[PDB]
2 protein chains.
Amino acid sequence: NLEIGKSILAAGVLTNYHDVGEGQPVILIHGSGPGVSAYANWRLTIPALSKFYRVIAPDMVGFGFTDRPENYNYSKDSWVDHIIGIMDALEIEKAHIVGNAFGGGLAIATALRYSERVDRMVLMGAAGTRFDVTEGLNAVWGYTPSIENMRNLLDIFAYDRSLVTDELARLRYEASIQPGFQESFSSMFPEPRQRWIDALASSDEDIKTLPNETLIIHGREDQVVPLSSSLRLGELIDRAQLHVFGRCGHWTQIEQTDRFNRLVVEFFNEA
Amino acid sequence: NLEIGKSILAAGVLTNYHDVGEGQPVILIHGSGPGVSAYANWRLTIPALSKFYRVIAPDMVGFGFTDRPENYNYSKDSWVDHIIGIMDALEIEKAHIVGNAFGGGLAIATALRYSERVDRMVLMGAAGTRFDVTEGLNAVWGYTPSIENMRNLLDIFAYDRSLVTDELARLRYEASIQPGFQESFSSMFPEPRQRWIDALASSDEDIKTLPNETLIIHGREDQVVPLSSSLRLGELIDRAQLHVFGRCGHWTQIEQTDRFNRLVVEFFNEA
């Protein structure tokens with residue numbers, strides 16, 4: 001299983017992660033969704049970025065193959081603690097962070113609590129602002145296992161539905177039912193789900209204080225997080241650039257892979 | 001005077017233009033404003049792009065050093081005719097077009113009337129939609145010569161006012177008073193100026209038909225054309241990408257030069 005990588009104790013949690021490349025450290029933070037893992041989210045990104053940077057992609061606690069502590073309390077602050085714990089464990093004093101969706105909210109929160117540990121940021125279809133819950137998001141967070149339910153989620157994520165094959169739905173369905181996966185995921189964002197969008201968000205006032213060079217990326221057709229949310233982040237963050245990909249869904253790194261990788265590498269190359 | 005380049009008869013008008021590089025043709029179309037010329041607008045862009053493309057930058061009729069025909073009727077359609085005439089004169093059957101501001105409106109109009117002659121498009125703080133006239137635009141089009149009036153215009157264009165020096169104001173003022181320059185410019189967009197924004201615009205219905213891969217660029221702080229106009233173009237054009245530069249004014253190619261050049265070259269490289 002390529003989703004299983006290396007293991008390290010971080011913030012007291014046995015963590016599954018990938019570490020490829022050398023040089024300036026870059027932390028990739030995956031999004032949320034049933035069966036999501038660092039490898040699943042970044043498999044097409046790591047090869048490109050690792051040619052010029054040291055790429056670290058961990059499975060956030062509660063997702064993938066990282067340990068799921070008993071009675072663990074999933075929260076924005078606890079996830080930030082996990083990210084910092086991973087960096088501490090690997091002696092990464094400062095790094096760029098790429099946050100995808102849920103991970104984008106965590107990236108913002110990490111940059112606010114640990115400004116000196118974060119260099120440049122890339123936020124993709126990111127959580128971080130209090131947007132109104134979408135049917136797409138309620139479907140993703142409210143997922144229960146079945147190939148048809150997964151097919152619907154993949155349709156929600158994709159702009160080009162031709163990419164949603166029976167094989168892909170089957171594979172992601174299987175990932176979603178691995179031991180303990182659905183149990184932890186379903187416990188994370190219970191109804192009403194607006195509460196969790198809000199909890200993952202940072203205040204306008206706080207976001208405005210971010211000094212980091214930031215690259216905001218969003219798929220025009222994103223059905224999970226409205227484009228308006230990234231436009232808002234683009235107005236709040238001072239040193240920000242906003243790049244909107246037309247004909248692109250929620251996962252920009254998958255549907256606009258080459259454009260995404262090029263944009264991100266050049267962005268980091270400036271530093 | 002580096003603003004004076006080569007001369008060629010195009011659409012019956014003796015045209016001043018620059019032609020540098022070899023390979024895939026790229027037409028650069030400057031914006032509008034007192035003293036504006038192809039060289040003034042693209043001097044920092046041509047060197048970069050010409051390393052990989054054949055770059056053609058003409059002074060549109062009524063601007064720069066191109067002839068100003070007596071009783072000439074300046075119009076969107078006539079300017080499009082000029083662009084096509086330049087391409088015909090140089091045996092350029094198909095080319096990418098980079099339209100800055102006013103030039104962006106012309107690029108859209110050219111792609112609509114001569115779709116087969118246009119490949120990829122880059123539209124910067126572009127005209128093309130019916131946005132409400134801004135004080136910045138009324139100041140630019142309503143300009144009358146003086147170093148102080150020019151200093152105000154440069155302030156309107158720039159995000160970083162430190163770039164607006166006495167020397168720059170003086171040089172641009174001098175460019176604005178060259179023989180016949182102010183006379184033709186002041187005759188172009190008389191009050192009420194909303195009429196000209198509308199005349200330079202293309203309908204939503206027409207824009208939606210554009211099949212060209214397009215890159216829309218806009219400076220967050222643009223005081224001349226509101227960001228909302230480019231966001232609208234980003235929703236209307238199907239194969240579009242929108243890139244918003246924070247801490248950037250109306251002329252993105254000048255204040256975010258390196259980022260701009262990189263983005264444009266890679267965009268064209270895809271073809």
# chains A, B, ... in the order shown; residues from 1 in each chain; ligands from 1

call {"tool": "closest_atom_pairs", "arguments": {"of": "chain A", "to": "chain B", "cutoff": "7 Å", "atoms": "only C-alpha atoms", "output": "CSV"}}
result
residue,atom,partner,partner_atom,distance
A:238,CA,B:246,CA,6.7
A:239,CA,B:246,CA,6.0
A:240,CA,B:246,CA,5.2
A:241,CA,B:245,CA,4.8
A:242,CA,B:244,CA,4.9
A:243,CA,B:243,CA,4.4
A:244,CA,B:242,CA,4.9
A:245,CA,B:241,CA,4.8
A:246,CA,B:240,CA,5.2
A:247,CA,B:239,CA,6.8

call {"tool": "select_by_dssp", "arguments": {"residues": "region 56-238 of chain A", "states": "alpha helix (DSSP H)", "output": "VMD selection string"}}
result
chain A and resid 76 to 89 102 to 113 135 to 141 147 to 157 166 to 176 181 to 188 194 to 200 204 to 207 227 to 236

call {"tool": "select_by_dssp", "arguments": {"residues": "region 18-251 of chain A", "states": "strand (DSSP E or B)", "output": "MDAnalysis selection string"}}
result
chainID A and resid 18:20 25:29 54:58 95:100 118:124 214:219 240:245

call {"tool": "closest_atom_pairs", "arguments": {"of": "region 14-85 of chain A", "to": "region 4-8 of chain A", "cutoff": "6 Å", "atoms": "only C-alpha atoms", "output": "JSON lines"}}
result
{"residue": "A:14", "atom": "CA", "partner": "A:8", "partner_atom": "CA", "distance": 5.6}
{"residue": "A:15", "atom": "CA", "partner": "A:8", "partner_atom": "CA", "distance": 5.2}
{"residue": "A:16", "atom": "CA", "partner": "A:7", "partner_atom": "CA", "distance": 4.8}
{"residue": "A:17", "atom": "CA", "partner": "A:6", "partner_atom": "CA", "distance": 5.3}
{"residue": "A:18", "atom": "CA", "partner": "A:5", "partner_atom": "CA", "distance": 5.4}

call {"tool": "atom_distance", "arguments": {"atom1": "CA of residue 164 (chain A)", "atom2": "CA of residue 177 (chain A)"}}
result
19.0 Å

call {"tool": "residues_around", "arguments": {"residues": "residue 78 (chain A)", "least_positions_apart": "2", "cutoff": "12 Å", "atoms": "only C-alpha atoms", "output": "ChimeraX atom specification"}}
result
/A:10-13,60-62,72-76,80-85,106,109-110,113,199-200

call {"tool": "write_last_selection", "arguments": {"atoms": "N, CA, C and O atoms", "output": "short mmCIF file (atom, residue, chain, number, x, y, z; two decimals), in the first residue's frame"}}
result
data_model
loop_
_atom_site.label_atom_id
_atom_site.label_comp_id
_atom_site.auth_asym_id
_atom_site.auth_seq_id
_atom_site.Cartn_x
_atom_site.Cartn_y
_atom_site.Cartn_z
N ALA A 10 4.93 12.17 16.72
CA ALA A 10 4.78 13.62 16.59
C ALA A 10 3.64 14.08 17.49
O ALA A 10 2.51 13.61 17.37
N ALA A 11 3.94 15.01 18.40
CA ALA A 11 2.94 15.52 19.33
C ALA A 11 2.31 14.34 20.08
O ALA A 11 1.13 14.37 20.43
N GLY A 12 3.11 13.30 20.32
CA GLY A 12 2.63 12.14 21.04
C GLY A 12 1.80 11.15 20.25
O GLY A 12 1.30 10.17 20.81
N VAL A 13 1.65 11.39 18.95
CA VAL A 13 0.87 10.50 18.09
C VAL A 13 1.75 9.83 17.04
O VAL A 13 2.52 10.51 16.35
N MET A 60 -2.80 13.60 8.69
CA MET A 60 -3.23 14.30 9.90
C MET A 60 -3.95 13.32 10.83
O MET A 60 -4.63 12.40 10.36
N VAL A 61 -3.82 13.51 12.14
CA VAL A 61 -4.47 12.61 13.09
C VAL A 61 -5.97 12.51 12.81
O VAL A 61 -6.66 13.53 12.68
N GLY A 62 -6.45 11.28 12.68
CA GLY A 62 -7.85 11.04 12.39
C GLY A 62 -8.05 10.62 10.95
O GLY A 62 -9.12 10.11 10.58
N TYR A 72 -9.63 10.73 21.55
CA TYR A 72 -8.91 11.89 21.03
C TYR A 72 -9.93 12.97 20.68
O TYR A 72 -11.03 12.66 20.22
N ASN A 73 -9.57 14.22 20.91
CA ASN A 73 -10.46 15.34 20.63
C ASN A 73 -9.99 16.09 19.39
O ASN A 73 -9.06 16.89 19.46
N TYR A 74 -10.63 15.82 18.26
CA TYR A 74 -10.28 16.48 17.01
C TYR A 74 -10.69 17.94 17.05
O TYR A 74 -11.85 18.26 17.32
N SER A 75 -9.74 18.83 16.79
CA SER A 75 -10.00 20.26 16.79
C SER A 75 -8.95 20.99 15.96
O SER A 75 -7.87 20.45 15.71
N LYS A 76 -9.26 22.20 15.54
CA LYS A 76 -8.33 23.00 14.76
C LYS A 76 -7.01 23.13 15.52
O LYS A 76 -5.94 22.88 14.98
N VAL A 80 -3.28 21.72 14.61
CA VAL A 80 -2.15 22.63 14.48
C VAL A 80 -1.02 22.06 15.33
O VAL A 80 0.15 22.05 14.92
N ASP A 81 -1.37 21.57 16.52
CA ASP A 81 -0.38 20.99 17.42
C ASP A 81 0.29 19.81 16.74
O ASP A 81 1.49 19.57 16.93
N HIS A 82 -0.47 19.06 15.95
CA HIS A 82 0.08 17.90 15.25
C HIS A 82 1.09 18.36 14.20
O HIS A 82 2.19 17.81 14.11
N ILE A 83 0.72 19.37 13.42
CA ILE A 83 1.63 19.89 12.40
C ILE A 83 2.94 20.36 13.03
O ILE A 83 4.02 20.02 12.56
N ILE A 84 2.84 21.13 14.11
CA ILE A 84 4.03 21.61 14.79
C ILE A 84 4.83 20.45 15.36
O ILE A 84 6.06 20.46 15.32
N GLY A 85 4.13 19.44 15.88
CA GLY A 85 4.80 18.28 16.44
C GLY A 85 5.60 17.53 15.38
O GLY A 85 6.68 17.02 15.65
N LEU A 106 -5.96 24.79 8.35
CA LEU A 106 -4.93 24.45 9.32
C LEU A 106 -3.65 25.25 9.08
O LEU A 106 -2.97 25.65 10.03
N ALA A 109 -4.18 28.72 10.43
CA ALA A 109 -4.14 28.65 11.89
C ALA A 109 -2.72 28.44 12.41
O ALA A 109 -2.36 28.96 13.47
N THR A 110 -1.92 27.68 11.68
CA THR A 110 -0.54 27.42 12.10
C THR A 110 0.30 28.69 11.95
O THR A 110 1.11 29.01 12.81
N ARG A 113 -0.59 31.06 14.97
CA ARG A 113 -0.10 30.67 16.29
C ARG A 113 1.42 30.50 16.33
O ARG A 113 2.05 30.67 17.38
N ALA A 199 -15.42 26.72 13.01
CA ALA A 199 -14.33 26.35 13.91
C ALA A 199 -12.99 26.30 13.19
O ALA A 199 -11.95 26.62 13.77
N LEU A 200 -13.01 25.89 11.92
CA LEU A 200 -11.79 25.80 11.12
C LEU A 200 -11.37 27.16 10.60
O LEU A 200 -10.24 27.34 10.15
#

call {"tool": "atom_distance", "arguments": {"atom1": "CA of residue 127 (chain B)", "atom2": "CA of residue 195 (chain B)"}}
result
12.6 Å

call {"tool": "atom_distance", "arguments": {"atom1": "CA of residue 205 (chain B)", "atom2": "CA of residue 116 (chain B)"}}
result
18.9 Å

call {"tool": "residues_around", "arguments": {"residues": "residue 21 (chain A)", "least_positions_apart": "4", "cutoff": "10 Å", "atoms": "only C-alpha atoms", "output": "ChimeraX atom specification"}}
result
/A:25-26,46-56

call {"tool": "write_last_selection", "arguments": {"atoms": "N, CA, C and O atoms", "output": "PDB file, in the first residue's frame"}}
result
ATOM      1  N   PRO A  25      12.454  22.976   3.281  1.00  0.00           N
ATOM      2  CA  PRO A  25      11.308  22.135   3.630  1.00  0.00           C
ATOM      3  C   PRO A  25       9.959  22.718   3.219  1.00  0.00           C
ATOM      4  O   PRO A  25       9.728  23.927   3.305  1.00  0.00           O
ATOM      5  N   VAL A  26       9.080  21.833   2.761  1.00  0.00           N
ATOM      6  CA  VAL A  26       7.733  22.194   2.336  1.00  0.00           C
ATOM      7  C   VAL A  26       6.796  21.167   2.957  1.00  0.00           C
ATOM      8  O   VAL A  26       6.984  19.967   2.764  1.00  0.00           O
ATOM      9  N   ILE A  46       4.184  15.486  -5.119  1.00  0.00           N
ATOM     10  CA  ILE A  46       5.471  15.186  -4.512  1.00  0.00           C
ATOM     11  C   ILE A  46       6.616  14.995  -5.513  1.00  0.00           C
ATOM     12  O   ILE A  46       7.691  15.568  -5.337  1.00  0.00           O
ATOM     13  N   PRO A  47       6.401  14.199  -6.577  1.00  0.00           N
ATOM     14  CA  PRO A  47       7.457  13.974  -7.571  1.00  0.00           C
ATOM     15  C   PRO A  47       8.008  15.268  -8.168  1.00  0.00           C
ATOM     16  O   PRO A  47       9.218  15.423  -8.332  1.00  0.00           O
ATOM     17  N   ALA A  48       7.112  16.194  -8.491  1.00  0.00           N
ATOM     18  CA  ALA A  48       7.509  17.466  -9.077  1.00  0.00           C
ATOM     19  C   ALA A  48       8.237  18.370  -8.084  1.00  0.00           C
ATOM     20  O   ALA A  48       9.341  18.841  -8.358  1.00  0.00           O
ATOM     21  N   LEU A  49       7.622  18.608  -6.930  1.00  0.00           N
ATOM     22  CA  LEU A  49       8.224  19.471  -5.923  1.00  0.00           C
ATOM     23  C   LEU A  49       9.504  18.932  -5.289  1.00  0.00           C
ATOM     24  O   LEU A  49      10.417  19.702  -4.994  1.00  0.00           O
ATOM     25  N   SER A  50       9.571  17.620  -5.080  1.00  0.00           N
ATOM     26  CA  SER A  50      10.745  17.009  -4.449  1.00  0.00           C
ATOM     27  C   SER A  50      12.024  17.130  -5.270  1.00  0.00           C
ATOM     28  O   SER A  50      13.111  16.809  -4.789  1.00  0.00           O
ATOM     29  N   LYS A  51      11.901  17.586  -6.510  1.00  0.00           N
ATOM     30  CA  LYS A  51      13.073  17.749  -7.356  1.00  0.00           C
ATOM     31  C   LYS A  51      13.827  19.001  -6.926  1.00  0.00           C
ATOM     32  O   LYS A  51      15.012  19.153  -7.218  1.00  0.00           O
ATOM     33  N   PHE A  52      13.142  19.885  -6.205  1.00  0.00           N
ATOM     34  CA  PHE A  52      13.755  21.139  -5.777  1.00  0.00           C
ATOM     35  C   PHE A  52      13.611  21.454  -4.291  1.00  0.00           C
ATOM     36  O   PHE A  52      14.265  22.367  -3.786  1.00  0.00           O
ATOM     37  N   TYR A  53      12.761  20.701  -3.599  1.00  0.00           N
ATOM     38  CA  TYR A  53      12.516  20.927  -2.177  1.00  0.00           C
ATOM     39  C   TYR A  53      12.420  19.625  -1.397  1.00  0.00           C
ATOM     40  O   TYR A  53      12.313  18.547  -1.984  1.00  0.00           O
ATOM     41  N   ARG A  54      12.473  19.729  -0.072  1.00  0.00           N
ATOM     42  CA  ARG A  54      12.301  18.553   0.766  1.00  0.00           C
ATOM     43  C   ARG A  54      10.803  18.577   1.056  1.00  0.00           C
ATOM     44  O   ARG A  54      10.304  19.487   1.717  1.00  0.00           O
ATOM     45  N   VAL A  55      10.093  17.577   0.556  1.00  0.00           N
ATOM     46  CA  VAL A  55       8.651  17.526   0.721  1.00  0.00           C
ATOM     47  C   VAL A  55       8.188  16.570   1.804  1.00  0.00           C
ATOM     48  O   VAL A  55       8.481  15.377   1.766  1.00  0.00           O
ATOM     49  N   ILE A  56       7.452  17.110   2.769  1.00  0.00           N
ATOM     50  CA  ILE A  56       6.930  16.313   3.866  1.00  0.00           C
ATOM     51  C   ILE A  56       5.409  16.332   3.813  1.00  0.00           C
ATOM     52  O   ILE A  56       4.792  17.393   3.874  1.00  0.00           O
TER      53      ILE A  56
END

call {"tool": "residues_around", "arguments": {"residues": "residue 131 (chain A)", "least_positions_apart": "4", "cutoff": "10 Å", "atoms": "only C-alpha atoms", "output": "VMD selection string"}}
result
chain A and resid 127 194 197 to 198 201 225 to 230 232

call {"tool": "residues_around", "arguments": {"residues": "residue 236 (chain B)", "least_positions_apart": "5", "cutoff": "9 Å", "atoms": "only C-alpha atoms", "output": "PDB file with N, CA, C and O atoms, in the first residue's frame"}}
result
ATOM      1  N   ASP B 204     -21.871  39.930 -22.972  1.00  0.00           N
ATOM      2  CA  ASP B 204     -21.658  38.693 -22.233  1.00  0.00           C
ATOM      3  C   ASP B 204     -21.855  37.514 -23.175  1.00  0.00           C
ATOM      4  O   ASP B 204     -21.062  36.573 -23.192  1.00  0.00           O
ATOM      5  N   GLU B 205     -22.926  37.576 -23.956  1.00  0.00           N
ATOM      6  CA  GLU B 205     -23.257  36.517 -24.902  1.00  0.00           C
ATOM      7  C   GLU B 205     -22.100  36.237 -25.859  1.00  0.00           C
ATOM      8  O   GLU B 205     -21.733  35.082 -26.084  1.00  0.00           O
ATOM      9  N   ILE B 207     -18.813  37.157 -25.510  1.00  0.00           N
ATOM     10  CA  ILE B 207     -17.631  36.716 -24.778  1.00  0.00           C
ATOM     11  C   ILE B 207     -17.712  35.231 -24.440  1.00  0.00           C
ATOM     12  O   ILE B 207     -16.716  34.508 -24.532  1.00  0.00           O
ATOM     13  N   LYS B 208     -18.902  34.766 -24.073  1.00  0.00           N
ATOM     14  CA  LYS B 208     -19.089  33.356 -23.735  1.00  0.00           C
ATOM     15  C   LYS B 208     -18.758  32.415 -24.889  1.00  0.00           C
ATOM     16  O   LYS B 208     -18.510  31.228 -24.665  1.00  0.00           O
ATOM     17  N   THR B 209     -18.756  32.930 -26.117  1.00  0.00           N
ATOM     18  CA  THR B 209     -18.460  32.092 -27.280  1.00  0.00           C
ATOM     19  C   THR B 209     -16.971  31.928 -27.574  1.00  0.00           C
ATOM     20  O   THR B 209     -16.597  31.114 -28.415  1.00  0.00           O
ATOM     21  N   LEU B 210     -16.128  32.699 -26.894  1.00  0.00           N
ATOM     22  CA  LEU B 210     -14.680  32.626 -27.112  1.00  0.00           C
ATOM     23  C   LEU B 210     -14.117  31.253 -26.755  1.00  0.00           C
ATOM     24  O   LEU B 210     -14.215  30.812 -25.613  1.00  0.00           O
ATOM     25  N   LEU B 231     -13.062  39.611 -12.814  1.00  0.00           N
ATOM     26  CA  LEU B 231     -13.704  38.447 -12.216  1.00  0.00           C
ATOM     27  C   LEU B 231     -14.850  38.053 -13.145  1.00  0.00           C
ATOM     28  O   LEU B 231     -15.115  36.869 -13.364  1.00  0.00           O
TER      29      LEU B 231
END

call {"tool": "closest_residue", "arguments": {"among": "B:32, B:144, B:223, B:134", "to": "residue 101 (chain B)", "atoms": "only C-alpha atoms"}}
result
B:32

call {"tool": "decode", "arguments": {"residues": "region 201-214 of chain B", "atoms": "N, CA, C and O atoms", "output": "short mmCIF file (atom, residue, chain, number, x, y, z; two decimals), in the first residue's frame"}}
result
data_model
loop_
_atom_site.label_atom_id
_atom_site.label_comp_id
_atom_site.auth_asym_id
_atom_site.auth_seq_id
_atom_site.Cartn_x
_atom_site.Cartn_y
_atom_site.Cartn_z
N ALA B 201 -16.47 47.60 -24.80
CA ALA B 201 -16.89 46.32 -24.26
C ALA B 201 -17.53 45.40 -25.29
O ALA B 201 -17.95 45.83 -26.36
N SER B 202 -17.58 44.11 -24.94
CA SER B 202 -18.20 43.10 -25.78
C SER B 202 -19.32 42.54 -24.91
O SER B 202 -19.22 42.57 -23.68
N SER B 203 -20.38 42.04 -25.53
CA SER B 203 -21.51 41.51 -24.78
C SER B 203 -21.18 40.20 -24.08
O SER B 203 -20.32 39.44 -24.53
N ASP B 204 -21.87 39.93 -22.97
CA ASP B 204 -21.66 38.69 -22.23
C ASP B 204 -21.85 37.51 -23.17
O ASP B 204 -21.06 36.57 -23.19
N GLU B 205 -22.93 37.58 -23.96
CA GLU B 205 -23.26 36.52 -24.90
C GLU B 205 -22.10 36.24 -25.86
O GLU B 205 -21.73 35.08 -26.08
N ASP B 206 -21.52 37.29 -26.42
CA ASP B 206 -20.41 37.13 -27.35
C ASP B 206 -19.16 36.58 -26.66
O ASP B 206 -18.52 35.66 -27.15
N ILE B 207 -18.81 37.16 -25.51
CA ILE B 207 -17.63 36.72 -24.78
C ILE B 207 -17.71 35.23 -24.44
O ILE B 207 -16.72 34.51 -24.53
N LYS B 208 -18.90 34.77 -24.07
CA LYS B 208 -19.09 33.36 -23.73
C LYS B 208 -18.76 32.41 -24.89
O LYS B 208 -18.51 31.23 -24.67
N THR B 209 -18.76 32.93 -26.12
CA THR B 209 -18.46 32.09 -27.28
C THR B 209 -16.97 31.93 -27.57
O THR B 209 -16.60 31.11 -28.41
N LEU B 210 -16.13 32.70 -26.89
CA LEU B 210 -14.68 32.63 -27.11
C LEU B 210 -14.12 31.25 -26.75
O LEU B 210 -14.21 30.81 -25.61
N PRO B 211 -13.50 30.57 -27.73
CA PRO B 211 -12.93 29.24 -27.51
C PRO B 211 -11.46 29.25 -27.08
O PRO B 211 -10.92 28.22 -26.69
N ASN B 212 -10.84 30.42 -27.15
CA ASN B 212 -9.42 30.58 -26.82
C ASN B 212 -9.01 30.34 -25.38
O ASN B 212 -9.72 30.71 -24.45
N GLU B 213 -7.84 29.72 -25.20
CA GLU B 213 -7.30 29.52 -23.86
C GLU B 213 -6.97 30.96 -23.49
O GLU B 213 -6.33 31.67 -24.27
N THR B 214 -7.41 31.40 -22.32
CA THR B 214 -7.20 32.78 -21.91
C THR B 214 -6.64 32.92 -20.50
O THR B 214 -6.99 32.16 -19.60
#
